[PDB]
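Here is the structure we will look at, set down as structure tokens.
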Amino acid sequence: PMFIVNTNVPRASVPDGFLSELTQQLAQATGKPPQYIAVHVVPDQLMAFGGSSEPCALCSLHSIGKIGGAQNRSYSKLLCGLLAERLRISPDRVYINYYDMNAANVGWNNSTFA
Amino acid sequence: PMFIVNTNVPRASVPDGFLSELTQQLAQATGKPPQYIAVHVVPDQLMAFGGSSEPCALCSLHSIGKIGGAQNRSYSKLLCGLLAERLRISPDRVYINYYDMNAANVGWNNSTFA
Amino acid sequence: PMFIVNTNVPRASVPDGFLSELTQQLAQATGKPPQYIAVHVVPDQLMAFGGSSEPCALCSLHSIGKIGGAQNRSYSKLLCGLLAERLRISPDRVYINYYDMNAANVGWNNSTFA
Ligand SMILES: *C(=S)NCc1ccccc1
Ligand SMILES: *C(=S)NCc1ccccc1
Ligand SMILES: *C(=S)NCc1ccccc1
Ligand SMILES: [Cl-]
């Protein structure tokens, strides 16, 4: 599973250890070992949500499996909660795109996960 | 729609009001409420298009519905037009990836749109 | 074909000519003329892979066709090889998401590739 956050919140407002917290929390939520989890946080972005430049975030979760109706609802609650708590972003100013990747379409270590 | 532009054009060359203009035009093109539209502009990028580092853009448009052959052609004419007029990027140095997202795969406000 | 790499490796460690090498190697691998290939390298990113922040990369290859189990394995070997050689990133700290795009869902030059 790989999680990316793009936000207009400044770098100084991203807490130390946020990347580790995301990693741990995603490991719990997906049931995957932390070793397979990648996280990417991009602050200071030029963005708008509903025309407004108040704090917001655009995110994605790519995962080989562990994607679906109920799971994505649970991920959204978890991830919006973390962004609200740590970055002071309102959940109604967060989008999260979910992608169920085929193993053959994820490259890693000179090969794919197929 | 959420619309992201990555470009090697410098930040200073992105005109004031550009995010608002994108938001407004996308609302009319896609027939979606401006309140839901997210836009993200990423200047000063290290990129090449056809091996050249002349001004270029790589973009994406994610939407729940309102994606299709004719609609995408229309969005491209619109979006290339804006990138040409405002950022001085030639339309033939722009790629835009269109994504028709399932509602179950888009998180927002602690849940999904499903 | 369009290739993006996000990495925590610093800008100064991206060698001169790297965008060209990527362009050229992708032309070879995909069979597509370099004129049709776009590349984007994003250094200095705030990232973790497996919980830690030794050099790592999250990448994507979007392509109209030329995507599949065997082809993706070959792309991964090539691209990991490049990232290892030029950016000194271990192949086992690299993810590459592969996307087979429909021509109608790629905008270019005021239209689509359909
Ligand atoms: C997140 S995308 N982890 C990578 C992976 C590899 C193999 C099986 C499941 C997940
Ligand atoms: C326009 S109303 N976009 C809302 C959206 C659609 C798909 C993914 C994220 C956000
Ligand atoms: C990479 S996405 N090149 C663009 C393209 C256009 C038409 C056919 C194949 C590839
Ligand atoms: Cl609609």
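Here's how to read the names in the structure tokens: chain A, B, ... by the order shown, residue numbers from 1 in each chain, ligand numbers from 1 in the order shown.
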Once you count only C-alpha atoms, which residues of chain A turn out to be within 8 Å of chain C? Could you give them as a short mmCIF file (atom, residue, chain, number, x, y, z; two decimals) with N, CA, C and O atoms, in the first residue's frame?
data_model
loop_
_atom_site.label_atom_id
_atom_site.label_comp_id
_atom_site.auth_asym_id
_atom_site.auth_seq_id
_atom_site.Cartn_x
_atom_site.Cartn_y
_atom_site.Cartn_z
N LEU A 19 5.26 10.90 9.19
CA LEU A 19 5.50 9.81 8.23
C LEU A 19 5.47 8.44 8.93
O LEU A 19 4.87 7.49 8.42
N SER A 20 6.11 8.35 10.09
CA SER A 20 6.09 7.10 10.85
C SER A 20 4.69 6.78 11.37
O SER A 20 4.29 5.62 11.40
N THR A 23 2.68 5.45 8.50
CA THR A 23 3.14 4.09 8.22
C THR A 23 2.53 3.07 9.19
O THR A 23 1.98 2.06 8.78
N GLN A 24 2.63 3.35 10.49
CA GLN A 24 2.08 2.48 11.52
C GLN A 24 0.57 2.32 11.39
O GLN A 24 0.03 1.21 11.46
N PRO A 34 4.72 -3.16 7.93
CA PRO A 34 5.23 -1.79 7.71
C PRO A 34 6.28 -1.75 6.60
O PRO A 34 6.37 -0.76 5.88
N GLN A 35 7.06 -2.82 6.48
CA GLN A 35 8.11 -2.91 5.47
C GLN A 35 7.60 -2.74 4.03
O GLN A 35 8.36 -2.40 3.14
N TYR A 36 6.31 -3.01 3.80
CA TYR A 36 5.74 -2.91 2.46
C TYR A 36 5.00 -1.61 2.23
O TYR A 36 4.38 -1.42 1.17
N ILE A 37 5.03 -0.72 3.21
CA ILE A 37 4.23 0.50 3.14
C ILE A 37 5.08 1.72 2.84
O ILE A 37 6.13 1.95 3.45
N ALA A 38 4.63 2.50 1.87
CA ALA A 38 5.34 3.70 1.48
C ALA A 38 4.46 4.91 1.73
O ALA A 38 3.24 4.85 1.52
N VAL A 39 5.06 6.00 2.17
CA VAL A 39 4.27 7.20 2.43
C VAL A 39 4.99 8.43 1.88
O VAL A 39 6.22 8.49 1.86
N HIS A 40 4.21 9.41 1.44
CA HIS A 40 4.75 10.58 0.76
C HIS A 40 3.91 11.80 1.11
O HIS A 40 2.71 11.83 0.83
N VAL A 41 4.54 12.79 1.72
CA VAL A 41 3.82 13.97 2.19
C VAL A 41 4.38 15.23 1.51
O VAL A 41 5.58 15.47 1.54
N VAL A 42 3.50 16.01 0.89
CA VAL A 42 3.90 17.15 0.07
C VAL A 42 3.19 18.41 0.55
O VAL A 42 2.05 18.67 0.17
N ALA A 104 0.61 -7.44 -10.98
CA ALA A 104 1.41 -7.35 -12.20
C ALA A 104 1.68 -5.91 -12.63
O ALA A 104 2.57 -5.66 -13.45
N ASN A 105 0.90 -4.98 -12.10
CA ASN A 105 1.05 -3.56 -12.46
C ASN A 105 1.75 -2.75 -11.38
O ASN A 105 1.68 -1.52 -11.35
N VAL A 106 2.41 -3.44 -10.46
CA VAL A 106 3.25 -2.76 -9.49
C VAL A 106 4.66 -3.31 -9.58
O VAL A 106 4.91 -4.47 -9.24
N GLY A 107 5.58 -2.47 -10.05
CA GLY A 107 6.99 -2.82 -10.12
C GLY A 107 7.70 -2.58 -8.80
O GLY A 107 7.32 -1.68 -8.04
N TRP A 108 8.71 -3.40 -8.53
CA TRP A 108 9.47 -3.36 -7.28
C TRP A 108 10.67 -4.26 -7.41
O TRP A 108 10.55 -5.38 -7.91
N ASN A 109 11.84 -3.79 -6.98
CA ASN A 109 13.02 -4.66 -6.93
C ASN A 109 13.33 -5.39 -8.26
O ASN A 109 13.51 -6.61 -8.26
N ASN A 110 13.34 -4.64 -9.36
CA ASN A 110 13.69 -5.17 -10.70
C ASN A 110 12.64 -6.08 -11.32
O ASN A 110 12.86 -6.63 -12.40
N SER A 111 11.51 -6.25 -10.65
CA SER A 111 10.45 -7.11 -11.16
C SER A 111 9.08 -6.50 -10.86
O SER A 111 8.97 -5.29 -10.68
N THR A 112 8.03 -7.32 -10.82
CA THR A 112 6.72 -6.88 -10.32
C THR A 112 6.30 -7.80 -9.21
O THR A 112 6.95 -8.82 -8.96
N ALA A 114 3.71 -9.67 -9.24
CA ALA A 114 2.95 -10.80 -9.76
C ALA A 114 3.59 -12.12 -9.33
O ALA A 114 4.79 -12.32 -9.48
#
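With only C-alpha atoms and all ligand atoms as the atoms that count, the set of residues no farther than 9 Å from ligand 4 is residues 30, 31, 32, 63, 64, 65 and 66 of chain B.
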Store the residues of this selection in a file with N, CA, C and O atoms, as a PDB file, in the first residue's frame.
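This is the output file selection.pdb:
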ATOM      1  N   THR B  30     -17.765  20.693 -16.780  1.00  0.00           N
ATOM      2  CA  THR B  30     -18.176  19.371 -16.296  1.00  0.00           C
ATOM      3  C   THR B  30     -19.592  19.365 -15.748  1.00  0.00           C
ATOM      4  O   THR B  30     -20.144  18.303 -15.451  1.00  0.00           O
ATOM      5  N   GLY B  31     -20.171  20.550 -15.598  1.00  0.00           N
ATOM      6  CA  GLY B  31     -21.497  20.670 -15.016  1.00  0.00           C
ATOM      7  C   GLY B  31     -21.529  20.162 -13.592  1.00  0.00           C
ATOM      8  O   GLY B  31     -22.439  19.433 -13.210  1.00  0.00           O
ATOM      9  N   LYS B  32     -20.511  20.528 -12.819  1.00  0.00           N
ATOM     10  CA  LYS B  32     -20.396  20.135 -11.414  1.00  0.00           C
ATOM     11  C   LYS B  32     -20.358  21.391 -10.540  1.00  0.00           C
ATOM     12  O   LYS B  32     -19.978  22.458 -11.021  1.00  0.00           O
ATOM     13  N   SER B  63     -12.669  12.532 -12.022  1.00  0.00           N
ATOM     14  CA  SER B  63     -14.067  12.893 -11.868  1.00  0.00           C
ATOM     15  C   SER B  63     -14.892  11.641 -11.621  1.00  0.00           C
ATOM     16  O   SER B  63     -14.523  10.558 -12.073  1.00  0.00           O
ATOM     17  N   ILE B  64     -15.991  11.790 -10.885  1.00  0.00           N
ATOM     18  CA  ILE B  64     -16.993  10.733 -10.781  1.00  0.00           C
ATOM     19  C   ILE B  64     -18.018  10.971 -11.879  1.00  0.00           C
ATOM     20  O   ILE B  64     -18.884  11.855 -11.766  1.00  0.00           O
ATOM     21  N   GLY B  65     -17.907  10.190 -12.947  1.00  0.00           N
ATOM     22  CA  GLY B  65     -18.704  10.417 -14.142  1.00  0.00           C
ATOM     23  C   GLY B  65     -18.212  11.643 -14.898  1.00  0.00           C
ATOM     24  O   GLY B  65     -17.161  12.203 -14.569  1.00  0.00           O
ATOM     25  N   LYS B  66     -18.982  12.061 -15.903  1.00  0.00           N
ATOM     26  CA  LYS B  66     -18.656  13.205 -16.760  1.00  0.00           C
ATOM     27  C   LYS B  66     -17.320  13.012 -17.484  1.00  0.00           C
ATOM     28  O   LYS B  66     -16.680  13.982 -17.895  1.00  0.00           O
TER      29      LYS B  66
END
- Task: Identify all residues of chain B in strand (DSSP E or B) (DSSP on the backbone) and supply them as a PyMOL selection string.
- Result: chain B and resi 2-7+38-42+46-49+52+57-63+94-100+106-108+111-112
Could you take the residues named above and write them with N, CA and C atoms, as a JSON list (two decimals), in the first residue's frame?
[["chain", "number", "residue", "atom", "x", "y", "z"],
["B", 2, "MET", "N", -11.27, 16.91, -9.84],
["B", 2, "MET", "CA", -10.01, 17.43, -9.34],
["B", 2, "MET", "C", -8.99, 17.48, -10.46],
["B", 3, "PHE", "N", -8.34, 18.62, -10.57],
["B", 3, "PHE", "CA", -7.45, 18.87, -11.68],
["B", 3, "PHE", "C", -6.07, 19.25, -11.17],
["B", 4, "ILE", "N", -5.06, 18.53, -11.64],
["B", 4, "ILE", "CA", -3.69, 18.79, -11.21],
["B", 4, "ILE", "C", -2.83, 19.12, -12.43],
["B", 5, "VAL", "N", -2.04, 20.18, -12.33],
["B", 5, "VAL", "CA", -1.09, 20.53, -13.38],
["B", 5, "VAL", "C", 0.31, 20.52, -12.85],
["B", 6, "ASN", "N", 1.17, 19.70, -13.46],
["B", 6, "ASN", "CA", 2.60, 19.78, -13.19],
["B", 6, "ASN", "C", 3.32, 20.40, -14.37],
["B", 7, "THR", "N", 4.08, 21.46, -14.12],
["B", 7, "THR", "CA", 4.72, 22.18, -15.22],
["B", 7, "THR", "C", 6.11, 22.69, -14.85],
["B", 38, "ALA", "N", -11.56, 20.63, -6.95],
["B", 38, "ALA", "CA", -10.22, 20.86, -6.40],
["B", 38, "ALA", "C", -9.22, 21.07, -7.54],
["B", 39, "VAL", "N", -8.31, 22.02, -7.35],
["B", 39, "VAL", "CA", -7.29, 22.31, -8.35],
["B", 39, "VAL", "C", -5.92, 22.42, -7.68],
["B", 40, "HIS", "N", -4.89, 21.96, -8.39],
["B", 40, "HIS", "CA", -3.56, 21.89, -7.81],
["B", 40, "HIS", "C", -2.57, 22.19, -8.92],
["B", 41, "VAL", "N", -1.80, 23.26, -8.73],
["B", 41, "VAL", "CA", -0.85, 23.71, -9.75],
["B", 41, "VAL", "C", 0.54, 23.61, -9.17],
["B", 42, "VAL", "N", 1.41, 22.89, -9.88],
["B", 42, "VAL", "CA", 2.76, 22.62, -9.41],
["B", 42, "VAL", "C", 3.80, 23.14, -10.41],
["B", 46, "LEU", "N", 11.02, 19.78, -12.71],
["B", 46, "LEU", "CA", 12.06, 19.23, -13.56],
["B", 46, "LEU", "C", 11.42, 18.22, -14.50],
["B", 47, "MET", "N", 11.18, 18.62, -15.73],
["B", 47, "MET", "CA", 10.51, 17.71, -16.64],
["B", 47, "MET", "C", 10.91, 17.93, -18.08],
["B", 48, "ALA", "N", 10.58, 16.95, -18.91],
["B", 48, "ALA", "CA", 10.81, 17.05, -20.33],
["B", 48, "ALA", "C", 9.64, 16.41, -21.06],
["B", 49, "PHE", "N", 9.39, 16.93, -22.25],
["B", 49, "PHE", "CA", 8.32, 16.45, -23.10],
["B", 49, "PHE", "C", 8.97, 16.28, -24.47],
["B", 52, "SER", "N", 12.60, 17.44, -24.70],
["B", 52, "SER", "CA", 12.87, 18.87, -24.59],
["B", 52, "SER", "C", 12.36, 19.49, -23.28],
["B", 57, "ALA", "N", 3.42, 20.62, -19.90],
["B", 57, "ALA", "CA", 2.62, 20.28, -18.73],
["B", 57, "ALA", "C", 2.18, 18.82, -18.78],
["B", 58, "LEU", "N", 2.13, 18.19, -17.60],
["B", 58, "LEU", "CA", 1.50, 16.88, -17.44],
["B", 58, "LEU", "C", 0.40, 17.05, -16.41],
["B", 59, "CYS", "N", -0.82, 16.69, -16.80],
["B", 59, "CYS", "CA", -1.99, 16.99, -16.00],
["B", 59, "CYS", "C", -2.84, 15.77, -15.79],
["B", 60, "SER", "N", -3.72, 15.83, -14.80],
["B", 60, "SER", "CA", -4.73, 14.80, -14.64],
["B", 60, "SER", "C", -6.07, 15.42, -14.24],
["B", 61, "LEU", "N", -7.14, 14.78, -14.67],
["B", 61, "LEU", "CA", -8.48, 15.16, -14.26],
["B", 61, "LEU", "C", -9.20, 13.93, -13.72],
["B", 62, "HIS", "N", -9.50, 13.92, -12.43],
["B", 62, "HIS", "CA", -10.28, 12.83, -11.83],
["B", 62, "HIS", "C", -11.70, 13.33, -11.61],
["B", 63, "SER", "N", -12.67, 12.53, -12.02],
["B", 63, "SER", "CA", -14.07, 12.89, -11.87],
["B", 63, "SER", "C", -14.89, 11.64, -11.62],
["B", 94, "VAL", "N", 1.37, 19.32, -23.94],
["B", 94, "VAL", "CA", 0.52, 19.03, -22.79],
["B", 94, "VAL", "C", -0.07, 17.62, -22.90],
["B", 95, "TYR", "N", 0.08, 16.81, -21.85],
["B", 95, "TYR", "CA", -0.72, 15.59, -21.69],
["B", 95, "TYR", "C", -1.70, 15.77, -20.54],
["B", 96, "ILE", "N", -2.94, 15.32, -20.73],
["B", 96, "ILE", "CA", -3.93, 15.27, -19.64],
["B", 96, "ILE", "C", -4.52, 13.87, -19.49],
["B", 97, "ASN", "N", -4.24, 13.20, -18.36],
["B", 97, "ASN", "CA", -4.86, 11.90, -18.10],
["B", 97, "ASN", "C", -6.24, 12.03, -17.44],
["B", 98, "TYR", "N", -7.25, 11.43, -18.06],
["B", 98, "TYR", "CA", -8.62, 11.52, -17.54],
["B", 98, "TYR", "C", -8.96, 10.24, -16.78],
["B", 99, "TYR", "N", -9.57, 10.39, -15.61],
["B", 99, "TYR", "CA", -9.96, 9.23, -14.82],
["B", 99, "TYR", "C", -11.42, 9.29, -14.42],
["B", 100, "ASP", "N", -12.18, 8.27, -14.82],
["B", 100, "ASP", "CA", -13.55, 8.12, -14.36],
["B", 100, "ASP", "C", -13.55, 7.29, -13.08],
["B", 106, "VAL", "N", -13.68, 7.04, -3.94],
["B", 106, "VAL", "CA", -13.29, 8.41, -3.62],
["B", 106, "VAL", "C", -13.69, 8.77, -2.19],
["B", 107, "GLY", "N", -12.70, 9.03, -1.36],
["B", 107, "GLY", "CA", -12.94, 9.43, 0.01],
["B", 107, "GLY", "C", -13.13, 10.94, 0.12],
["B", 108, "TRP", "N", -13.95, 11.33, 1.08],
["B", 108, "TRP", "CA", -14.23, 12.74, 1.37],
["B", 108, "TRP", "C", -15.02, 12.81, 2.66],
["B", 111, "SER", "N", -15.80, 9.65, 4.89],
["B", 111, "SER", "CA", -16.51, 8.55, 4.24],
["B", 111, "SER", "C", -16.14, 8.51, 2.76],
["B", 112, "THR", "N", -16.96, 7.85, 1.95],
["B", 112, "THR", "CA", -16.80, 7.92, 0.50],
["B", 112, "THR", "C", -18.11, 8.39, -0.13]]
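With only C-alpha atoms and all ligand atoms as the basis for measurement, B:27 is the residue among B:89, B:27, B:82, B:12 that approaches ligand 2 most closely.
If you measure from each of B:25, B:84, B:43, B:17 to ligand 2 using only C-alpha atoms and all ligand atoms, the closest one turns out to be B:25.
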- Quote the spacing between CA of residue 29 in chain C and CA of residue 86 in chain C in Å to one decimal place. 18.0 Å
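Distance-wise, CA of residue 10 in chain B and CA of residue 88 in chain B end up 11.2 Å apart.
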- What residues in chain C get the DSSP label alpha helix (DSSP H)? Please answer as a ChimeraX atom specification. /C:18-30,69-87
- Item | Residue nearest ligand 2 among B:9, B:101, B:83, B:22 (counting only C-alpha atoms and all ligand atoms) | B:101
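Between CA of residue 28 in chain B and atom 6 (C, counted along the ligand's line) of ligand 2 lies a distance of 15.0 Å.
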